[PDB]
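Working notes, beginning with the structure itself.
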Ligand code: CLA
Ligand code: CLA
Ligand code: CLA
Ligand code: CLA
Ligand code: CLA
Ligand code: CLA
Ligand code: CLA
Ligand SMILES: CC1=C(/C=C/C(C)=C/C=C\C(C)=C\C=C\C=C(C)\C=C\C=C(C)\C=C\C2=C(C)CCCC2(C)C)C(C)(C)CCC1
Ligand code: SF4
Ligand code: SF4
Ligand code: SF4
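Chains as they are written, first to last, in my numbering: chain D, 12 to 155; chain X, 11 to 73; chain R, 1253 to 1993; chain Z, 39 to 77; chain U, 110 to 182; chain W, 279 to 443; chain C, -17 to 62; chain A, 1151 to 1223.
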């Protein structure tokens, strides 16, 4: 498996434009780019409002936050059975692949993944707050 | 063969459980080395609408 | 392509098997109760027909039967009003003295001391003074005896049984197919011609043959017992020819295009009747004739089974300009397949027409001795206004429901709806700005006036004496309406209403209708009304446009139309659903309509209603609206503190019940604050403690008690808030207008 | 008739009949014994 | 007299609410069940359901009777 | 007498209040005829007023300075000065009916608890069993005291769910 | 950022991962349940705190917990 | 009148005490939130799961008790 490379010269779905598009954050902080492969032309619903028409083949779109890209990904997977993927793009031109992280969707187990933020105990086995008091900052009893 | 008999009634001893100090019917006991092999089904559902849960060997007492 | 009567025979079997199985309509409730929440759900999804099944035919059939059951309930209500007027009323006595005897149609049983409510309403009767205006309506139709009202009650009961039988028959014996319901062209043709046109023509015939001669004789001084019966007037031409010479010519002038011969019962008198105070029934009869002809003409517009007529889809597709893209493409399919969209349109226009009815009824009183009954006028205006506002909020709610459930983006690519969703942010931002601008320029004037009056600077206020803001447009329109019967209405004798200008009409020493003058206070209150209407529109339109998605939650449509929140994430997503927008719109509608009814009551009691003295007309409050309505302190002292004296001292008289309700309504409203300022987590833990107490004594029910849901808590709070506030204002208005009116 | 009796045995119908009976009994008691303040 | 009595009573009400609020803060932040094992403090949480239930019964009885007598009068 | 109050049979404000009520009723009655329904209704109300005042004064109630009766809630004062009918006897009457309703409901719940589907017996009331228990609840204090003595009235601590503390 | 934790009571039903709307959770191999899978949170920097995962968890008590922490641009879900 | 208003005062005191005491005892946890002690004294909620957890923290109990204190005073 290999990490995909963002192609900026990728056709985009035919949309007339809306007011729920990108804002100054896309030029000052970061934005997201969702790409997918469509087998045929089809009218889909935009996460920011309106109905667009996805073209046959590659399709690229820009969104303000990751939630919009994952919402469109879920819509394309559950309504048209596609395989979309998205990146986070910075104003300096840096592209960072986000989902799927390993090329395999996270609902199914995949080899090579390492569990993080996992507590090898239960909720009732957590310590009292008095034991985590007077720390460097506000620490919850579940953070340890 | 380890654990309560299938179909019996046991009491839940887990304090954080919704069915603490409540009776539930045993469904199946896993034969592996899992932490919570006993499966207990209850007639009354929790706040999430669930009636089955997995408890440990020492978390259930025969009653 | 063919309009016919499609139907299915015996689809559902008439049995009581499902009556013993609660929650059978939904798959989730069919399992049975396990928690108390289920019970509430059983009542929340009862009429939610598009949630039980996805079949449009089943939903349409259920809607049809629900309509029949509703009409049966309405017929039972009307039959009850007629029966109460025929056996527990003083209508016969009120007919002999409609200016001194108070209308009453409800008696109470002598138990636990409630007999004090049976006040002396006049005419040798003891009861409760009614404000529905049924006495005036029965007098307008020519009813002169209790036997006619009793017969009408029996007919209403028969009609109720017929409506119920029709609902049962159309649901279990002959249920129409989906293609029969989708014949909107034929449906509109029939509702325009048949229903409206034939109803107006039939009422015109009754008014010409019964209301006109009976009411003319009543206004001529004839005793109600000596007036000929309606069938007597309908059987011979001598009596009608004596009362109206045009009747001596028969129906011959109608077919010979000599309608001018009928100029004795079909005129343009205008104004009001100087004897009764209401509109001339000859003008109403002519009105109904014209309305019937217009609706009958309009009923032949759409094509049904022949070539002539129109196709609404063709007209919708033919309307497309350069600034709207495709246009109305797909709107016909939207309205012919979604009941919620049609419900939204119908509820909006219906509520608007209800408010228009309230305004037109106080301005142009059509019933005899209606304007002199200030209680009936105030109650009718307030009631119709509240019904209109509620229907408008429901329209917004169903628009949001359609946007969440029945909307499909595959059929709305570049139409008007898609473009509206595309620029919804611009729409909401501009409406928000205009709401802020109106709020500042509407409330700041009152605050500035309160400050200047408190600071001892009355010359710096916004009043007639100080800086004045005269509504020049409304005054000019009033002058144009007053001068209309001389230049633009040569065939009209008087103006449409007396509120424009001219001489006032008074009946029985009480002012029936006098001209209304607008000043600075009227300008300020009108801007207040505009601001409140704009804010209510903002909340409803925001909940409709942002129902599917938003910049905060892009998959709101997946969460449904009615859901509590999306969690405490993103800083907090409390009340993001369209249901919550309807919930907030209800409060704003209550605030708006409350200010509207307060303004109506103060303006009518200050510059219109009042007694008639020798060389001068004295109003109820003395005309203090043009001097005390420009400040909040004036509204609180002169209109709320001064006018509430009647409802607080009503104890010991026939209006004491109102005072009791005035207190009870203050309770329910405050009770609402318990469900609006709290959350279900606290109540769930408290219920857990109570459950422990029950478990200790082995009295814990099998059905686990669960606190009300978040959405249920909001609905309960808004329901109690609306009921408490509306009942408070109802008691205050009724007690005051009955004591001094 | 079994289904009809089961429907009449539901919580709202039983509550309506019971409250009507209790209210009627209290009303008739106050009717035949007007203004009872003490025993 | 009126202003002084009302001022002190409202201040006392706010201070009482603060006392109970800080008690809750003590239970969440500074309570140690292992150090307070079997004492009166642990026994308070041992039968808290009974306390809340009896307080609910007293409040319900007082509310129903006071409101009923007022509405009757 | 008790707390500076005087009996209603010897209070001037009580008689003045009765005369005020009869005066306003008679004033309202003077506007009607003699053989009409409102006149008969007003005369019936006046007779009810006279009977109510006579019965209240006959009962030995204690009136205040406002002419209205007062209730004695202290058991000692009520049983010592003949005021047990105000607040004592109705207290025991409510206790009997309250425990009656509570015991009937408790018996119905415990009876339907051992069945297959108790929730159905809760939403759909079993009229025969409920009627039998309603008729059998007349001995509720005896049954409750016998239950308390046997130790079967309460549930043990280990069989009740509690919070994780 | 918010603190997302997975406890040992996780049965590996993968319902919490599907309910996550910002791709924070995932499934890793494990040996403590029959499914031999366990939920993981390696991208907590994108979590907003909607608690949809807690709603989708069927264990009693929950196996996945969300604790509101320091708010940022990604945590507040701001498009500006 | 003094007797009745005193009963109203007792109702206000008992209800305010009920809300405050219940919030202080349920601050460390209950059946709805077995780990409320790990979330601190003040937090928004536990989300819409488990039927809804609006105003579940002890801070919210104090919040609802302030209204009863104002009403009692
Ligand atoms: C001239 C023909 C005619 C007339 C008078 C009506 C009248 C009415 N229709 Mg209808 N309709 C018609 C043709 C007609 N329709 C056709 C051709 C179609 C098929 C395209 C439909 C399909 C239709 C639907 C789907 C619905 C209605 C509904 C209604 C009622 C609306 C309630 C109301 O506010 O009005 C005022 C109320 C009254 C005046 C009450 C008095 C009712 C009297 C008896 C008038 C009934 C006349 C009607 C033709 C029935 C007579 C036929 C006979 C077999 C009994 C109303 C009574 C709604 C409904 O179902 O209500 C139950 C509704 O949902 N209609
Ligand atoms: C829908 C409204 C309506 C109705 C029902 C009527 C009805 C009537 N109008 Mg009228 N009218 C109306 C509107 C209406 N009008 C309006 C809007 C105006 C203003 C333009 C007038 C102005 C007007 C005038 C000036 C006069 C009437 C008159 C009449 C009466 C006689 C009609 C006539 O001249 O012979 C018309 C003939 C027919 C209608 C035929 C009747 C068909 C019958 C019912 C058939 C029955 C057959 C059946 C199978 C028999 C078998 C039964 C079995 C048991 C054996 C009649 C009862 C006259 C009158 O009352 O004299 C005082 C009269 O002079 N009207
Ligand atoms: C032509 C009128 C009309 C029709 C046909 C409908 C139809 C529908 N509405 Mg709707 N609505 C309307 C008007 C209408 N509405 C108006 C005027 C409003 C503004 C208040 C609303 C606001 C509204 C909301 C917010 C919602 C609906 C919903 C629904 C759907 C489910 C049915 C339901 O409400 O559950 C069952 C009905 C009830 C449980 C009745 C409630 C009884 C109320 C609370 C009592 C009213 C107090 C009473 C007047 C005073 C009594 C005094 C007391 C002492 C006894 C259904 C298709 C729901 C939905 O979309 O489904 C998903 C939804 O959430 N409606
Ligand atoms: C929002 C409603 C409102 C309005 C319309 C006014 C209006 C007025 N107040 Mg008042 N006031 C208000 C609210 C309001 N007040 C409230 C709520 C309070 C209580 C806190 C007060 C307390 C108060 C006091 C104590 C006093 C006033 C006074 C005044 C008068 C002079 C103020 C002034 O000169 O400032 C200057 C205003 C400006 C510099 C800006 C004016 C706004 C411009 C015209 C809008 C421009 C936008 C334009 C359309 C953009 C075009 C776009 C592009 C194409 C160019 C004035 C007529 C004084 C007075 O009594 O007069 C006798 C004074 O003593 N007010
Ligand atoms: C000796 C008295 C005393 C002391 C030392 C403390 C100390 C503390 N309290 Mg506390 N409390 C007290 C009394 C006291 N309280 C009382 C009487 C109440 C009842 C009102 C409360 C209720 C309370 C709650 C609910 C909470 C605390 C919390 C806290 C802790 C930190 C929060 C803080 O104070 O930040 C700073 C405080 C503020 C910024 C005050 C907020 C601003 C207020 C609302 C001002 C509004 C007044 C308004 C502007 C008036 C002008 C009107 C005019 C313009 C018209 C802190 C250790 C918090 C805590 O423990 O953290 C977990 C916590 O949640 N207290
Ligand atoms: C006028 C407003 C109002 C009212 C009446 C109440 C009433 C109540 N509150 Mg509440 N509260 C309010 C406002 C109000 N609150 C506000 C604004 C807040 C801040 C959010 C709170 C926060 C709050 C909390 C946090 C708590 C309460 C609690 C309680 C209950 C206390 C127990 C009691 O006194 O028994 C008396 C019972 C009553 C007064 C109920 C009224 C009786 C009705 C009128 C009789 C029914 C009428 C008739 C028979 C049927 C009509 C219905 C019809 C449709 C058929 C009580 C029901 C406490 C509690 O739950 O106690 C266990 C609790 O913990 N309140
Ligand atoms: C619910 C709380 C309550 C309260 C606040 C009171 C309050 C009172 N009770 Mg009492 N009482 C109660 C419950 C209550 N009672 C109950 C449940 C019973 C049933 C067992 C009694 C039965 C009772 C009797 C028999 C008497 C009082 C009496 C009194 C009054 C003075 C005696 C005293 O304070 O000691 C507390 C009362 C007791 C411990 C009960 C025993 C009586 C003691 C020993 C006082 C007797 C000595 C003597 C007669 C006092 C009178 C001195 C002087 C005036 C002659 C006093 C106002 C006395 C009274 O004033 O007579 C009219 C009286 O004799 N009560
Ligand atoms: C008769 C009389 C007398 C006596 C008196 C007495 C003995 C009393 C009292 C008293 C009391 C007895 C009082 C009280 C008070 C109390 C209060 C006001 C409360 C509360 C609060 C609290 C208790 C808190 C707690 C807490 C928590 C919650 C947690 C932990 C910590 C803390 C502690 C904070 C004499 C002879 C001398 C004189 C004359 C009169
Ligand atoms: S929903 Fe809960 S039990 Fe299931 S995989 Fe996620 S954390 Fe584990
Ligand atoms: S709180 Fe929401 S975004 Fe965060 S891990 Fe859970 S489901 Fe995902
Ligand atoms: S407080 Fe209630 S409504 Fe608001 S986010 Fe939390 S659970 Fe949802």
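Backbone N, C-alpha and C define an ideal beta-carbon position, used for all residues, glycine too.
Note down the Cα distance separating residue i from residue j, rounded to an integer number of angstroms.
i: residue 1502(R); j: residue 1492(R); result: 10 Å
i: residue 1600(R); j: residue 1590(R); result: 16 Å
i: residue 24(D); j: residue 1560(R); result: 44 Å
i: residue 1386(R); j: residue 1627(R); result: 13 Å
i: residue 1533(R); j: residue 1456(R); result: 10 Å
Going by DSSP, which residues form a beta bridge with residue i?
i: residue 97(D); result: 45(D), 110(D)
i: residue 1927(R); result: DSSP lists no partner for residue 1927(R).
Alpha helix (DSSP H) containing residue i: first to last residue?
i: residue 326(W); result: 315 to 336
i: residue 1505(R); result: 1504 to 1507
i: residue 1441(R); result: 1436 to 1442
Which same chain residues, not among the five before or five after residue i, have their C-beta less than 7 Å away from its C-beta?
i: residue 1412(R); result: 1324, 1327, 1328, 1331
i: residue 51(X); result: 34, 35, 37, 61, 62
i: residue 1227(A); result: One cannot answer for residue 1227(A) here, as it falls past the ends of chain A, which runs 1151 to 1223.
i: residue 1968(R); result: 1927, 1960
Is there a C-beta anywhere in chain X that falls below 8 Å from the one on residue i?
i: residue 388(W); result: no
i: residue 135(D); result: yes
i: residue 436(W); result: yes
Taking the beta strand (DSSP E) that residue i belongs to, which residues open and close that run?
i: residue 1156(A); result: First-last for residue 1156(A): 1152 to 1175, but that is the alpha helix (DSSP H), not the beta strand (DSSP E).
i: residue 1789(R); result: It is not in any beta strand (DSSP E) - residue 1789(R) instead sits in the alpha helix (DSSP H) that spans 1772 to 1797.
Measuring only between beta-carbons, confirm whether residue i sits less than 8 Å from chain R.
i: residue 143(U); result: no
i: residue 1189(A); result: no
Can you find the residues in the same chain that come closer than 8 Å, C-beta to C-beta, to residue i, ignoring five residues on each side of it along the sequence?
i: residue 1957(R); result: 1287, 1288, 1939, 1942, 1943
Determine, for residue i, whether the minimum Cβ-Cβ distance to residues of chain A falls below 8 Å.
i: residue 1962(R); result: yes
Give a yes or no on whether 8 Å exceeds the smallest Cβ distance from residue i to chain W.
i: residue 73(Z); result: yes
Contact criterion: CB-CB distance below 8 Å. Does residue i meet it with respect to chain U?
i: residue 1178(A); result: yes
Please return the same chain residues whose Cβ sits closer than 6 Å to the Cβ of residue i, not counting the five positions on each side in sequence.
i: residue 299(W); result: 327
I'd like to know if residue i contacts chain D, where contact means its C-beta is closer than 8 Å to some C-beta of that chain.
i: residue 1423(R); result: no
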